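Novice: Just need the structure, nothing else, for what follows:
(chains A, B, C, D, E, F and G, ligands or ions: 3)
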Amino acid sequence: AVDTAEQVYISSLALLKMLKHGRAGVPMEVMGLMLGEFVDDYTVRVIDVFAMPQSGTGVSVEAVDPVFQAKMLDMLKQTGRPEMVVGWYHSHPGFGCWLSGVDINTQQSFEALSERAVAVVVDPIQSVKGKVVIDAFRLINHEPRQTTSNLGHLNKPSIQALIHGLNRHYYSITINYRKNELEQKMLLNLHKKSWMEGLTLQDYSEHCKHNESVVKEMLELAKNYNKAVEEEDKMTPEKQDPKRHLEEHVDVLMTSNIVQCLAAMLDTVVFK
Amino acid sequence: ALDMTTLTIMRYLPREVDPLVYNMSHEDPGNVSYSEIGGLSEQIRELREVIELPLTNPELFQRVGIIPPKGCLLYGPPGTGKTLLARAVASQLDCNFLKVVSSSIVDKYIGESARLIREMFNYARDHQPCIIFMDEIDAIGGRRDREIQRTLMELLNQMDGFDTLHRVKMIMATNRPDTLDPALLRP
Amino acid sequence: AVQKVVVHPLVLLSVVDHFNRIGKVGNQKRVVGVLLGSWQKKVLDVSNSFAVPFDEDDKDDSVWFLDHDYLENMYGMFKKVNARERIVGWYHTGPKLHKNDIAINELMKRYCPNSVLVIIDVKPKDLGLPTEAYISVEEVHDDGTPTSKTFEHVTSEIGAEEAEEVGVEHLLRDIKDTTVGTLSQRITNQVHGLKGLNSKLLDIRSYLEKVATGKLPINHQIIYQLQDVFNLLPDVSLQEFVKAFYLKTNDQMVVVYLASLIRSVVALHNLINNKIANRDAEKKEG
Amino acid sequence: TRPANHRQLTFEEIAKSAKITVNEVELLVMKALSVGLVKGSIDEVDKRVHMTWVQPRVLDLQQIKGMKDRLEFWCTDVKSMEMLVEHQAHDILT
Amino acid sequence: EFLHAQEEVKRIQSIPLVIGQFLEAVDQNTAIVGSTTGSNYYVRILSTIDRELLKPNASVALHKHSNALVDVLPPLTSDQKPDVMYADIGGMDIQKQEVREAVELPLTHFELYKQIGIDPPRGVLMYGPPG
Amino acid sequence: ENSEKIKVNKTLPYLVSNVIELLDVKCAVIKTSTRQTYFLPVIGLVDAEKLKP
Amino acid sequence: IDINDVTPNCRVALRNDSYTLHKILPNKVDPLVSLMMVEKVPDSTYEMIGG
Ligand SMILES: Nc1ncnc2c1ncn2[C@@H]1O[C@H](COP(=O)(O)OP(=O)(O)OP(=O)(O)O)[C@@H](O)[C@H]1O
Ligand SMILES: [Mg+2]
Ligand SMILES: [Zn+2]
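Specialist: Numbering: from 1, shown residues only, chains lettered A, B, ... in the order given. Ligands and ions are numbered 1, 2, ... in the order given. Please see the structure below:
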């Protein structure tokens, strides 16, 4: 029947594969496929993603080598992944997530292939500093889709794909990440602090330099804090400078000194 | 060198050659010897004392304390052999020689000539013992169109940057020395 | 030898996916796959890995499938997509090695002269470092003990390329604890450090129990390195060290004095202004 | 013999252990440092020596049991401190 | 959650950043800035930046994509600097003192000679044989 | 197969540009007709001996 | 939409994409082209002229 607000769950492995391949491809656009299950009409699951060789034709249907795709699928079936392929992702470095004119036609072919295949656009150079610019698109054939729920407008579109047709020729589908408790705190081991890192005593000369600088900054802040309190007269009732800056300085200084003293003490008494 | 994704620094390269400067160094000056040039024994002796001896034999200069002359300019009637003399000096000294017609250094791009001459002197400092030769210097050394004066200022500044240790020397050749700005003529 | 191996998020997520994939239907003590990486200096950086058809007998510990042609052409295609990554090492998920594993490593040595094996215990979600790394060694042991085809530990750690770093951070965001964590996270980190130190010391206890009781062979090595560790303890309460410790602690105390006093002053300044403002409102209301 | 708890060697005990006069203990310790097998330091005005070790050596099973005991005392102290800090800082720790 | 938010605020201003030149502000949370790419932009200022640092010719680091101004950096024409000292001088001590009072004190302490109110020195004359 | 894979990957345009000095750690520097400098970790499909500044 | 406020040369900001004129901003004076020779409103006052 006619589709709806829908959803697309992509796995952690899939997302990292996509981001890594995109950051490998920049500045040349690169593309590949995701494996997944059409679990139902209201959401599509993709798990695992495999990139495919970058031909000189650029991101297009011709860039999809049938031999490479077929034998990759066969070997993944042997290795334990019988997941049948819906979805193709491509990279748009330097510009937002939207389907270009080429992308419209590639997704038209992909839709003709299965029916509900989903396009994915990743910008590997804008997806940085903790923000990931990922988005997923489907083409329309009056009424664009059925809005039978409120989980279609929990997100907001963007002007870039708006002119490029985020509702005009294609529509964006809300993206969700199906992480589980096992992948959780498996990834976390990457920033996980080690016990020796916990008992590490920093550096005493560097700590003294830090206290030296921060107390001097405290003095220079208090100098104008005095002026601020001496202009308490309430001419033209007006968060810059003295008060909250002094607050953050005292907070960081006090916590650093307390933690250094505590680590030093614990090391003194426990280590012999 | 910078990545084109996060712009971080990797593989910091030594320095650029500015391939023009590559051409003005690895250009054949001929097999001319001091024998092939005749009639200028006084001038040949002076030039070899000013440009060859400070280069090949510096210890005399540093111990004695003499600041070696930075460069010497050649003037005279056309066809007297100034360019030939420079060619002989280039050919006989086993060194790194730089020769470029002044007219060619001027470029139609904004401030390209100043960067050109800056990179030439940087290459000369990089590739000591280096020798740079100027022919028809009056193309840019003339009396005070705008870019000519702007690049002449860069010439004065850069060759004022010659530190005493450097084994680099200057030869300018011209046919009308009067047109030269007195700025260079100063000690 | 090889001094360090750094392991990226992508390989560990891939092996977790492989373990869930196989254990979903064909639950088995381990799964075996191949890593891809590059060499800097004498450190190794591993970011790629694929599952290979593998099978182990239950107890014969000599019977095993690892697919030659599958490994070869899968590597060829992974080179086609990205040619930098060449075959280094092989991974498995079994929390324990097997007598059968050294044959696996010898086969892998056909594709890499110094192939390194990595145990990734996916099921454990514990104190730390879910990756263990091992190289193959064959040497006379220099002490009269019989030589043997042996696995040797090489230190390992997790490091991420920037794209994998943003990818992992975005998924961790909801459960992510803040990096700064002024007091709470630091005190919890110190307590966790004491926990880890106690756990490691108890492991060393159990090893010494097994060695003294004889059920475990004396390595001679490490145990004398452990004796060096035991002689390395600093022995605090030596007098000049006590003087220096008191001096530095007093410096920390005067600094924290200044911070606390300023905090009290600013607290009073907020209090007085709040009283003035509410009293002004009350006086205006009448 | 000791886990540094008495590692400030007095001259007399090293002399009688080496059955040599007090005047040769300096040469003994200097030879030991020069070979690179001890990194102690010598005092002569008190005749005591500041001893630090860097060279490990063989262990007998007797030494194994002794080590297990002296390490047991240490890990007992670590566990003591762990539960002490966990108790006193419960509200902040959580 | 506030720790998370300020961590993200610190993150948005991290490398890489494109330098540009600060133009005069419009409002407390925005200003005009001309990127070193040449183009100018109307750009929100990060609220964490101390406004007093925004002198109308300051160099400010901006977000590479959004051009958002996120940082303020902390700030001769030729061989004019001659690299010669009074030690190199051939002992013109009287001339040394004369010029030193004539110019060196004015170039060093002209504000005192301003509190005198005299329009501190403007011209001195050098005269003698050519070299 | 390798040659055809290279052939599909040598399609116009080629963005003509000038060469600059080479480095060893054999590798090239390019000044674009768009007036920008790039460094290549590898020179490419042509050999280092033929090319020159 | 208050176009009648839009006099020529008001230094008015656009949007980064689709332009879609955004808002007026303050004007552009900084008359350094004239200030190279213009003296603006000068300082001299009849009081320090004597005689
Ligand atoms: N003294 C000389 N001995 C031998 N050949 C000479 C002598 N003077 C000039 N010539 C010859 O005359 C020609 C002059 O060429 P050259 O460019 O060197 O002249 P120039 O006087 O230095 O001119 P310019 O400064 O314009 O280049 C050359 O072919 C050179 O061989
Ligand atoms: Mg000439
Ligand atoms: Zn596209």
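Novice: what ranges do the helices span in the stretch 1-150 of chain C?
Specialist: Using DSSP state H, counting those that start in this stretch, the helices of the stretch 1-150 of chain C run over C:9-25, C:68-81, C:101-109.
Novice: And for chain G?
Specialist: With DSSP state H, the ranges of helices along chain G come out as G:32-35.
Novice: same thing with chain E?
Specialist: Remark: helices assigned in chain E by DSSP H are E:2-12, E:93-99, E:105-108, E:110-115.
Novice: Return the set of residues that bridge with residue C:37.
Specialist: residue C:46, residue C:86 (DSSP bridges).
Novice: Now for it, how many residues are close by?
Specialist: By the other Cβ atoms under 10 Å in any protein chain shown criterion, the neighbourhood of residue C:37 contains 24 residues. Yep, even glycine has a C-beta here, placed from its N, CA and C like the rest.
Novice: Over to residue A:227?
Specialist: 10.
Novice: just to revisit the earlier point, need the helices of chain E in a markdown table (columns: mean neighbour count and distance to chain C).
Specialist: Formatted as a markdown table, the helices of chain E follow (neighbours: other Cβ atoms under 10 Å in any protein chain shown; distance: least, Cβ to the nearest Cβ, whole Å):
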| stretch | mean neighbour count | distance to chain C |
| --- | --- | --- |
| helix E:2-12 | 13 | 4 |
| helix E:93-99 | 11 | 50 |
| helix E:105-108 | 12 | 38 |
| helix E:110-115 | 11 | 36 |
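Novice: which of the helices of the stretch 1-150 of chain C sits most buried?
Specialist: helix C:9-25 (a mean of 21; mean count of other Cβ atoms under 10 Å in any protein chain shown).
Novice: Please save the CA atoms from that helix in CSV.
Specialist: Extracted C-alpha coordinates of helix C:9-25, given in CSV (Å, rounded to 0.1, in the frame of the first residue of the first chain):
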residue,chain,number,x,y,z
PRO,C,9,36.4,0.7,16.4
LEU,C,10,35.5,-0.8,13.0
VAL,C,11,37.2,-4.2,13.5
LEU,C,12,35.8,-4.7,17.0
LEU,C,13,32.3,-3.8,15.8
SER,C,14,32.8,-6.1,12.8
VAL,C,15,33.8,-9.0,15.0
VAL,C,16,30.9,-8.3,17.4
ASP,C,17,28.6,-8.5,14.4
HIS,C,18,30.3,-11.7,13.2
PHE,C,19,29.9,-13.2,16.7
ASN,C,20,26.2,-12.3,16.8
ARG,C,21,25.8,-13.5,13.2
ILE,C,22,27.3,-17.0,13.9
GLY,C,23,26.0,-17.5,17.4
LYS,C,24,22.5,-16.6,16.2
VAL,C,25,22.2,-20.0,14.4
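Novice: thinking again about what came up before, which among the helices of chain E is found nearest to residue D:44?
Specialist: Between residue D:44 and the helices of chain E, the tightest spacing by Cβ to Cβ is seen for helix E:2-12, at 57.3 Å.
Novice: So the closest one, near chain B or not?
Specialist: No: using Cβ under 8 Å from any Cβ of the partner chain, we find that helix E:2-12 stays clear of chain B, coming within 13.8 Å at best.
Novice: Tell me if that helix is near chain A.
Specialist: Yes: for a cut-off given as Cβ under 8 Å from any Cβ, helix E:2-12 has contacts with chain A, namely E:8, E:11, E:12.
Novice: Report the distance from that helix to the chain centre.
Specialist: The chain centroid and the centroid of helix E:2-12 are separated by 31 Å under Cα atoms, centre = their mean, to the nearest Å.
Novice: hang on, the earlier thing: export the helices of the stretch 1-150 of chain C to a markdown table and append columns for distance to residue F:14.
Specialist: A markdown table is the format used below for the helices of the stretch 1-150 of chain C (distance: least, Cβ to Cβ, whole Å):
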| stretch | distance to residue F:14 |
| --- | --- |
| helix C:9-25 | 35 |
| helix C:68-81 | 24 |
| helix C:101-109 | 42 |
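Novice: looking at the ones you listed, which is closest to ligand 2?
Specialist: Taking Cβ to the ion, helix C:68-81 is the member of the helices of the stretch 1-150 of chain C nearest to ligand 2, at 59.4 Å.
Novice: Okay, angle between the closest one and helix C:101-109 too, please.
Specialist: Computed by axes from the mean of the first three to the mean of the last three Cα atoms, to 10 degrees, the angle separating helix C:68-81 from helix C:101-109 equals 50 degrees.
Novice: How about helix C:68-81 and chain A, any contact?
Specialist: Yes: with Cβ under 8 Å from any Cβ as the criterion, chain A is reached by helix C:68-81 at C:70, C:73, C:74, C:77, C:80, C:81.
Novice: So which residues make contact with that helix?
Specialist: Helix C:68-81 is contacted from outside by A:21, A:32, A:51-54, A:68, A:71-72, A:75, A:78-79, C:34, C:36, C:48, C:50, C:52-53, C:85-87, C:111, using Cβ atoms under 8 Å, 6 or more residues apart in numbering or on different chains.
Novice: Of those, which belong to strands?
Specialist: Using DSSP state E, the subset of the contacts of helix C:68-81 located in strands is A:32, A:51, C:34, C:36, C:48, C:50, C:86, C:87.
Novice: Can you tell me which of those residues are buried?
Specialist: A:32, A:51, C:34, C:36, C:48, C:50, C:87 (16 or more other Cβ atoms under 10 Å in any protein chain shown).
Novice: Contacts only, for the second one.
Specialist: This means residue A:51. Applying Cβ under 8 Å, 6+ apart, the residues near residue A:51 are A:17, A:21, A:30, A:31, A:32, C:81, C:82.
Novice: Against residue A:168, how distant is the residue nearest to residue A:103 when sequence neighbours are not counted?
Specialist: Spatially, and ignoring its direct neighbours in sequence, residue A:103 is nearest to residue A:119 (6.5 Å; Cβ to Cβ, 6 or more residues apart in numbering or on different chains). Per Cβ to Cβ, to the nearest Å, residue A:119 is found 15 Å from residue A:168.
Novice: who's more crowded, those two?
Specialist: Using other Cβ under 10 Å, the more surrounded residue of residue A:119 and residue A:168 is residue A:119, with 25 against 12.
Novice: Please look at the more buried one and residue A:138 and confirm they touch.
Specialist: Yes: assessed by Cβ atoms under 8 Å, residue A:119 is found in contact with residue A:138 at 6.9 Å.
Novice: Spit out the residues that contact the two alike.
Specialist: Shared contacts of residue A:119 and residue A:138, counting by Cβ under 8 Å, 6+ apart, come down to A:107, A:170.
Novice: So in chain E, which strand runs the longest?
Specialist: Per DSSP E, chain E has its longest strand at strand E:17-27.
Novice: Could you check how far it is from the centre of its chain?
Specialist: For strand E:17-27, the distance to the chain centre is 16 Å (Cα atoms, centre = their mean).
Novice: again with stretch C:153-164
Specialist: For stretch C:153-164, the distance to the chain centre is 9 Å (Cα atoms, centre = their mean).
Novice: does chain E sit close to it?
Specialist: No: Stretch C:153-164 stays clear of chain E (Cβ under 8 Å from any Cβ), getting no nearer than 11.0 Å.
Novice: tell me which residues in that stretch are buried?
Specialist: Residues C:154, C:156, C:158, C:159, C:160, C:161, C:162, C:163, C:164 are the ones in stretch C:153-164 that count as buried (16+ other Cβ under 10 Å).
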